[PDB]
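Asks: Below you'll find the sequence and an experimental structure to go with it.
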Amino acid sequence: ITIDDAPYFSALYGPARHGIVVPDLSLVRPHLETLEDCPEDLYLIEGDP
Amino acid sequence: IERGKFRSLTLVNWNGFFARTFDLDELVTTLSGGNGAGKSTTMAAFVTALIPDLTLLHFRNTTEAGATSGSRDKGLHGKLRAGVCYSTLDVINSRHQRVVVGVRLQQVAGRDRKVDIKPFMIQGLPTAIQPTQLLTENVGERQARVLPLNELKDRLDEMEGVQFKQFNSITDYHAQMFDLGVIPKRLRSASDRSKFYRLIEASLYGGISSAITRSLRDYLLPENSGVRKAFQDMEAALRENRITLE
Amino acid sequence: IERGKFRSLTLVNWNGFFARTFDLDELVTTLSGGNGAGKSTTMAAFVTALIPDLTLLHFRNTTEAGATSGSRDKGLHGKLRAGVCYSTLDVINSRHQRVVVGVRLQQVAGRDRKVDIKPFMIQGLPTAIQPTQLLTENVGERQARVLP
Amino acid sequence: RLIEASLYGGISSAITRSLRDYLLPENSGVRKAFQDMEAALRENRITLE
Amino acid sequence: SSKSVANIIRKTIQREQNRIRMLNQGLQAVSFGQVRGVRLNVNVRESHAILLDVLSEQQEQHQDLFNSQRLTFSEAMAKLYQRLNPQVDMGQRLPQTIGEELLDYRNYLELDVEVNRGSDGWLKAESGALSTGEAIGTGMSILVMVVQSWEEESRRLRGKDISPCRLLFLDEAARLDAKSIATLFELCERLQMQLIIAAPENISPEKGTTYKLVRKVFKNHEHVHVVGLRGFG
Amino acid sequence: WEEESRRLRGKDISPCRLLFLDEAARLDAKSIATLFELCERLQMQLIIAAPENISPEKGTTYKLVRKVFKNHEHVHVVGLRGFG
Amino acid sequence: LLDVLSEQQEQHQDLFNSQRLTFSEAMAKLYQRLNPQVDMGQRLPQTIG
Amino acid sequence: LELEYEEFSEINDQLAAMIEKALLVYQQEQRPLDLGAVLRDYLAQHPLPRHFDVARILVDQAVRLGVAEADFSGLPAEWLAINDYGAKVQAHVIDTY
Amino acid sequence: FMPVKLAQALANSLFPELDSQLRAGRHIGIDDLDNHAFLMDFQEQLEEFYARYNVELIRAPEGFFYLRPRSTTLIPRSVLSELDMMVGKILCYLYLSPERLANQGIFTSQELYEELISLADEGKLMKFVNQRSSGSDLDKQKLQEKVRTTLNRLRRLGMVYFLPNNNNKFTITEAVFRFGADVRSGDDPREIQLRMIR
Amino acid sequence: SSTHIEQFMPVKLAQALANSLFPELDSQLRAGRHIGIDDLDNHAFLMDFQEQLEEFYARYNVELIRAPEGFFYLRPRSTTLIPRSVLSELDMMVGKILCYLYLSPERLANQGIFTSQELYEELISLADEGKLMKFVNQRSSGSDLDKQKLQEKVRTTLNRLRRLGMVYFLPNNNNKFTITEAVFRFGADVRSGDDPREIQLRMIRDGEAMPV
Ligand SMILES: Nc1ncnc2c1ncn2[C@@H]1O[C@H](COP(=O)(O)OP(=O)(O)OP(=O)(O)O)[C@@H](O)[C@H]1O
Ligand SMILES: Nc1ncnc2c1ncn2[C@@H]1O[C@H](COP(=O)(O)OP(=O)(O)OP(=O)(O)O)[C@@H](O)[C@H]1O
Ligand SMILES: [Mg+2]
Ligand SMILES: [Mg+2]
C-alpha cells in the first residue's frame, strides 16, 4: 500500500493490524487450547487470503 | 487514471533550427523529409534532454548500428551551433500540472569537439506563455536574440508563482522528474542511468537488442529485500564479533 | 567491346522456394514484398553461388550491421531444406559464350548445423535449355523431382 | 569484403581503414630492382643484430 | 528457520511467475511477418529446485549444519549447497557471498524469449534466424515488457493518483510493412504509449500528427522549413 | 581492380560488374535517381530490395508473397510493370 | 629519406650543406627500424627498411 | 507456371500535375501564400476519403516556393482548421520568394 | 593500440589458468562458477583474442564454453580415438530421466562398463581392443583398462567429474551433450541417441 | 584517468601483444622451440620487448631465458602452469655430436651444410659403437640390419631436433641440413672447467636438467 493510504489503514485496523487472516475460524477452535506461546493478544480474521 | 502525456518539444539554435517547437501527438507523431533533412537530429534533441549524461550519450550512425565505441567523437558536437543552445520538454501530469524540463547546451572551444550541458526545470508557468518566447528577445534586428541562463533566471523570477530550479547534478534532476511522474523509475545510480539509456537507444535503432537479451533477468525482475534483511539483522551479532577479533 | 552480363539466377529446394528462376535486368533489378517474403534469402543465394568459401559466408541481420559478432551460427543452414539443393548463375561472356556456374548445397546430418558445398561449371549448353528443367526430372503427373 | 559491404551498404569500417591495400596495385618492375637491395638490407640487419 | 524460508521463497517465485504470465497474455496474436506470438519463458533451475525441496523436508538430516553457532546462516546455506551437487567448484570467493547469492530469489529463475514462427512451434528468438521486420517487431515487444514491469515495480513508491508517461522511438521506420505497422499501432494504443517514428516519406500513417521537413540555404546559412498536419481519420 | 588486371587478361574480355543494396527504402527519390545514373554510366548491374516498390519506372521488378500451405511454406512470385 | 639514401658522399658532399639531409640519419632510422605501429595483419609488413 | 503481371495506377501523379499547375500563379505574381486558405479551398474539390493524400501532395508542392520570414520571430503558429470532421494545419505565411 | 576491455580481461588473475585449460581443449560448464562468470563477462573480447589464432570460441546452447580449431589453427591439434567417442555417446545416453532416481547424479565405473558391453556390437569391440581377440578373459580385462584410461582422458576434457576419493565413481556434466544427436521437432532423445549408437 | 590502458597494463606490453608476430611466436615457444639469430623477424621481435615478455610469462611460473649465444627459450618452474618434458639419451648423443660439428673449423668450409652420413660417421668415430648399439636392440652385435636400424633411429631423432629448431633441412634436399647456435645447450655440463658433480648439481637445482 502507498504512503497516502498507509495512515488511514493503520488507524482503521488499530490493534488488529498484525492479526492473521483465516477463512473459517472454526478449524482453529481445536488447535487453540495448545497456544501457550504467542503474543498476549492474538487477532484472527476471516476472509479470502 | 488519466495517464500523463508529453505535450511538445522545442529546439533553439541547433544546426538547421534557430527556434522550432513540435506539438506531439497523443498516440503517434511522424517525422518526414528527404535524406539529411534533420529527423534524427530532432530525436537526438529529445533523448539528450531526457538523459543529460555525456558519458552515455553517443549518436552513432544508423549504418554500422552495432559496432564498438570506435572514434572519440560522440557525434553530438556537430549538431550544435556557435553560441547558446537549448532543448526543452513540456509535460502534463495526471494532476494536470504543467512542468517544463530542459537543458542548456554550448560548444566548448578547443581543438576537440566537446560540449557543455546544464539541466533546469520550471514549474507553474501560465498556459499562455510558450518556451520559444521565454528563451528569446525580440530585438530590433531581423532575428531574435537567445538569452543566457542569467537573463532567464531574472526573467522567470519576476513572474508570480513561477519557480525556476537549476540543478548541479544529474541525480537531483532525475529525482525531481520521477517525483512528478515523467519517467517510470527513479534512476538511483549510474548503473540505472545506463540501463534506462540502453532501453531508449535500443528502441531508437530497432532490432533484438543484444544487451537486453544477455541480462534478461536483470531487466524484467524486481529485486526483493524481504528475503534478506531478516538474516542481515540476525547475522549482525556475529559480524561485529568477527570484526572485533580481527 | 561488349561487357559481360548476368542473365539469370536459379534456386532449387531453398526455404520457401522449390524451383524458381529470376531473370535479371541489364541495369537494375528490384525485389519487393512484405516482411519475411524472402528477399534477403535471394541475395544470400546469389552471393553463396559467387563465393562458396564457407569460412567467409556470414549472413547477419540488417540490424546489427557492422558488429563483428562471431555468432555461433552463420545463418546459412536454416535457409536450406532437407535433401539436395542448388544455386546457379547463367552468364553471357564478352565473347558471347553462355556459361553456367553454380554450387550443390546439402545439409549435414548431426548436431552441428553444418553445410556441404560442391562447385561445378557447364559450358556449351544449348541456348534452348533452361536450368530449372535441366536440374529436375519429370516424375508423375507434373510432380517433378530433383536429381543429384 | 567488397560484396558484403555493398550488401549491407554504407561506409564500411574495414574498407576505409586499409584503403591503400584495396586501391593501389602492385608493380613487378619495382620488385625486380628491389631484389638486390633486399639482399643487401637483409645482410645489414644480420650484422646489426 | 528452514521451512518458513522455503515458503517465502516459493511464494515470491509463484508471484513472479503469475505476473509474468499476465504480461505474457497481452502479446498473444501479434503479427510480424511470419511471427505470430511472443512469450517470456520462465523456469526453475534444477540445482536450486532440489535444494529448495531439501530445505523444505529433509531439515532433520542437516540440522547440524544449521544450528552450529560457529558459522552464520548464509554460510550454512552455502555449505548445504556445496554438499548437494558436489561437483560444483567455488572460485576462492567467501562462502558469505555465495550464501547471499542463494538468498536472492532471482538466481533461482531461468529466462528465455520465444516466438511462434510460421508452421513451427515455439522457438527461441535468435536474431540470425529472423528477417529484418520480424527482428524489429520482436524488439518492440520485449521493450514494452520491460516498461510494464518497471511501472509495476515503482508504483509502491509513487502517489496514488500518478500515472507515468510512456514513449518510445523508431528510426528508419520504412523497414516495416503496412501490416506490421498496423500491429504496432494496435499495441501502443492498447498500452496508452506514445510513439515518434521517422521515415523518408515512404509511409503515411493516417492516424496521428505528421511533420514535413525541408532543409534550405538562406542568407548563406542552413535552415529547416517545417509544416504540420493532423486530425485525419 | 579491373585496370590492374588489364595486363593478365586477354585483350577481348571485359569482366562482369554487379553490386547489391539491401533495405533500399532508406534512400529518397533524389538519391536513387543519382544512384541509377551513376551505375548506368559505368555499365554496372544492381540488385536492390525494399518492402515497397521504390523504383517503378526503371528496370524489372518482382513481387514476393509467402503462403502457409499444408503445414509448410511456399513463395509466390509475380512481376510488376511501369504502366497499365 | 629517399633523397638521403640515393645521393652519396663524394659527389653530393657539396650538395649536403643543406640542413635537412645527412648521412647519419639513415642510422637514425634504426629507431624507426625496430617496430612501426602497424595494426591489421595480412601477408607480411615489417619495418621502415 | 509462367509468370503473371500486375500494373500501377497514375492517379496520384495526375493529382500532382493539377496541383502544381494551379499553384504556379502564386510564384509568378509573388503573391503571399497561406496554406490554411489554399487547403480549405482545394479540399472542397475532392471527396473526404482522398483529402489526406491531397493535403500531403499540396504541402509537398507549396514548400518549394520561398520561405516564411516569420519563422525567425520565435512565435509559434496556430493550428488552422481546413475542413469539417476536424482536420488541422500549422504553417506560417510564405513571404520571401 | 588494444581495446580497453580486452586489456582489462587479460590482465585479470584468472586468465592464465583459464588460457592453459582452454588450449588443452577443456570445456567450461556452469559448475566452474568463477571461470564461467568470467567468460560470460568478457566473451565479446575473448572471441576476438582467440580468432587471432585461427581458433573459434563457442558457447554451446546448453551453456558451456569451448574452443574449436579451424584447419589453419595456430595451436597444435590432436584427435580422439574411436573408443573415446563410443564412451562419450554412452555417457550422453546415461544423462537420462530415470538417472535422477536411479543414482542421484553419481555413477560408478561398473555402470559404464556393463552398459558399454551390453549395448555395443561385438565386432566393433574387437576392433577396439584388437582384431585377433575373441571373447576371452584377458581381452575383457584389457577393455576394462582401456575404459578407465579413456574415462580419465574425458575427465581431462571436463566431461566427467570424479568424486574426490580413490574409488572410481563419478558424475556427468551437461557438457557431455557435445557427443549427442541432432534433435528434430518432437523427437524422443532416447530413441535418437540409441539410433546413433546402433 | 579512467578507462586508460595504463590502469591495467604497461603500454609497451600491450603494444607487443597486439603485434601480428605474437600468436605464431607464442604458439611455438610453448611447444619448446628455440629461437636463434637466423629467423630475423622473430628474433628481432624478442629483442625489442624482452622484458615485457619475461614479465608476462612469469604469470605462468615459467622463465623466458636468453642464453649467452643469443638464443631464447622457455624453462618451466616446479610450479609451472605449462607441462615440462625431458629429452632421450639418444637425442643427447646426437645433440653433443651436433655441437662438436658446429665448432669444428675443419668442416667450416661446407658453409654449414652437413649430410646425415657425415653426422653418423662422426658419432661412431667417438662413442662406443657396439655398446651404444644396446639402445637400438638388446641383442645387437654389429649386424647390418641393426646398423641400418640405428641409422633410421638417428634419422627420426634428428627430425625431432628440427621441430625444436636446433637444425634446418635444405629447401629441396632432405639428406642435407644446416646447424644453428641453439645446439650449445648440450654443452651445459662442461662449459666451465670445474668438478662435473657440482656442475650437475647446479644444473638440476636451476631446473635445466634431470637425471634418468
Ligand atoms: N555531427 C554532425 N556533424 C556534421 N554534420 C552533421 C552531424 N550530424 C548530422 N549532420 C548533418 O545534418 C544534416 C541532418 O542530419 P540527420 O541525421 O538529422 O538527417 P536525417 O533527416 O535524419 O536523415 P536520414 O533520415 O536520411 O538519416 C545532414 O546534412 C547531416 O549531414
Ligand atoms: N536461418 C534461418 N532459419 C530459419 N528461418 C529463416 C532463416 N533465415 C530466414 N528465415 C525466415 O525466412 C523468411 C524469409 O526471410 P528473409 O529475410 O529472406 O525475408 P525478406 O522478405 O527479405 O524480409 P525483410 O525485408 O524483413 O528482411 C522469414 O520468415 C525469415 O524468418
Ligand atoms: Mg536519419
Ligand atoms: Mg530479409
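Replies: In hand now; what should we look at? Numbering: from 1, shown residues only, chains lettered A, B, ... in the order given. Ligands and ions are numbered 1, 2, ... in the order given.
Asks: need the contact list for whichever residue of chain A sits closest to ligand 3.
Replies: Closest to ligand 3 within chain A is residue A:2: 42.7 Å, counting by C-beta to the ion. The way it works is simple: take the backbone N, C-alpha and C, and place the C-beta from them, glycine included. By C-beta atoms under 8 Å, 6 or more residues apart in numbering or on different chains, residue A:2 lies in contact with E:155-156, E:158-160.
Asks: Then residue B:157?
Replies: If you count contacts by C-beta under 8 Å, 6+ apart, then residue B:157 has residue B:164 around it.
Asks: Give me the distance between the residue of chain A closest to ligand 3 and ligand 2.
Replies: In this view, residue A:2 and ligand 2 are 45 Å apart by C-beta to the nearest ligand atom, to the nearest Å.
Asks: quick one: secondary structure of that residue?
Replies: coil (DSSP: H, G, I helix; E, B strand; the rest coil).
Asks: which phi and psi does the residue sitting nearest the centre point of chain I have?
Replies: The centroid of chain I falls nearest to residue I:159 when counting by C-alpha atoms, centre = their mean (3.6 Å). Dihedral pair for residue I:159: phi -60, psi -40, per degrees, to the nearest 10.
Asks: hang on, it packs against residue I:171?
Replies: No - contact criterion C-beta atoms under 8 Å: residue I:159 and residue I:171 do not qualify, at 10.6 Å.
Asks: about what we covered before: I'd like the contacts of residue A:2 laid out as TSV, including distance to residue C:18.
Replies: TSV is the format used below for these (distance: C-beta to C-beta, whole Å):
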residue	distance to residue C:18
E:155	54
E:156	58
E:158	58
E:159	62
E:160	62
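Asks: residues contacting the closest residue to residue A:28 other than its chain neighbours?
Replies: Excluding its sequence neighbours, the residue lying closest to residue A:28 (C-beta to C-beta, 6 or more residues apart in numbering or on different chains) is residue A:22, at 6.3 Å. Residues in contact with residue A:22 (C-beta under 8 Å, 6+ apart) are A:28, A:44-46.
Asks: The residues you listed in helices, which ones?
Replies: Among the contacts of residue A:22, the members falling in helices (DSSP state H) are residue A:28.
Asks: Which residue would be the closest one in chain B to chain I?
Replies: residue B:68 (7.2 Å; C-beta to the nearest C-beta).
Asks: what about that residue, how many neighbours?
Replies: 15 (other C-beta atoms under 10 Å in any protein chain shown).
Asks: Next, the closest residue to residue I:180 other than its chain neighbours: secondary structure please.
Replies: Leaving aside its chain neighbours, residue I:180 sits nearest to residue I:92 (4.7 Å; criterion: C-beta to C-beta, 6+ apart). What three-state DSSP gives for residue I:92 is helix.
Asks: Ok, residue B:30 next?
Replies: Strictly by three-state DSSP, residue B:30 counts as strand.
Asks: Was I right to think it contacts residue E:207?
Replies: No - judged on C-beta under 8 Å, residue B:30 makes no contact with residue E:207 at a distance of 9.6 Å.
Asks: Show me which of these two is the more surrounded one.
Replies: Neighbours were counted for residue B:30 and for residue E:207 using other C-beta under 10 Å; residue B:30 has more, 24 against 15.
Asks: What is the neighbour count of the closest residue to the more buried one other than its chain neighbours?
Replies: The spatially closest residue to residue B:30, leaving aside those adjacent along the chain, is residue E:210, at 4.7 Å (C-beta to C-beta, 6+ apart). Look at residue E:210: counted by other C-beta under 10 Å, it has 24 neighbours.
Asks: Can you pull up the most central residue in chain H?
Replies: Closest-to-mean residue, chain H, C-alpha atoms, centre = their mean: residue H:58 / 1.8 Å.
Asks: Just confirm it is within a helix.
Replies: Yes - counting by three-state DSSP, residue H:58 falls inside a helix.
Asks: hmm, back to that, my read is that the residue of chain B closest to chain I contacts residue I:3, right?
Replies: Yes - counting by C-beta under 8 Å, residue B:68 does reach residue I:3; the two are 7.2 Å apart.
Asks: Quick check: neighbours of the particular helix or strand that has residue B:86 in it in the sheet, parallel or antiparallel?
Replies: Applying DSSP states H and E as the criterion places residue B:86 in strand B:84-92. Sheet pairing of strand B:84-92 (DSSP bridges) gives strand B:5-14 (antiparallel), strand B:98-108 (antiparallel).
Asks: does the last one come close to ligand 1?
Replies: No - taking C-beta under 6 Å from any ligand atom as the criterion, strand B:98-108 and ligand 1 are apart, separated by no less than 11.6 Å.
Asks: contact partners of that strand?
Replies: Applying C-beta under 8 Å, 6+ apart, the external contacts of strand B:98-108 come out as B:10, B:48-49, B:52, B:77, B:80-93, B:114-125, B:127, B:131, B:148-149, B:177, B:180, B:182.
Asks: which residue ranges form the strands in chain B?
Replies: Secondary structure of chain B (DSSP state E): strands at B:5-14, B:17-23, B:28-33, B:84-92, B:98-108, B:114-123, B:136-137, B:145-146, B:163-166.
Asks: got the buried residues for the fourth one?
Replies: Meaning strand B:84-92. By neighbour count with 16 or more other C-beta atoms under 10 Å in any protein chain shown, strand B:84-92 contains the buried residues B:84-91.
Asks: Format those residues as TSV; extra columns: distance to residue I:87.
Replies: Converted to TSV, these look like this (distance: C-beta to C-beta, whole Å):
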residue	distance to residue I:87
B:84	75
B:85	70
B:86	72
B:87	66
B:88	70
B:89	66
B:90	71
B:91	67
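Asks: Count the neighbours of residue B:125 for me.
Replies: Residue B:125: 20 neighbours (other C-beta under 10 Å).
Asks: Contacts only, for it.
Replies: Residue B:125 makes contact with B:98, B:100, B:134, B:159, B:162, according to C-beta under 8 Å, 6+ apart.
Asks: Mind listing what's buried along whatever helix or strand residue E:148 lives in?
Replies: Assigned by DSSP H and E, residue E:148 belongs to helix E:132-154. Going by neighbour count (16+ other C-beta under 10 Å), the buried part of helix E:132-154 is E:132-150, E:154.
Asks: Tell me how many other residues surround residue 39.
Replies: Since you didn't name a chain, this refers to chain A. When neighbours are counted by other C-beta under 10 Å, residue A:39 registers 8.
Asks: right idea, wrong chain: chain B
Replies: Around residue B:39 there are 23 other residues, counting by other C-beta under 10 Å.
Asks: dump the residue contacts of it.
Replies: Applying C-beta under 8 Å, 6+ apart to residue B:39 gives the contacts B:31-33, E:171, E:198, E:213.
Asks: Pick the one among those residues closest to chain F.
Replies: After measuring the contacts of residue B:39 against chain F - C-beta to the nearest C-beta - the closest member comes out as residue B:33, at 8.6 Å.
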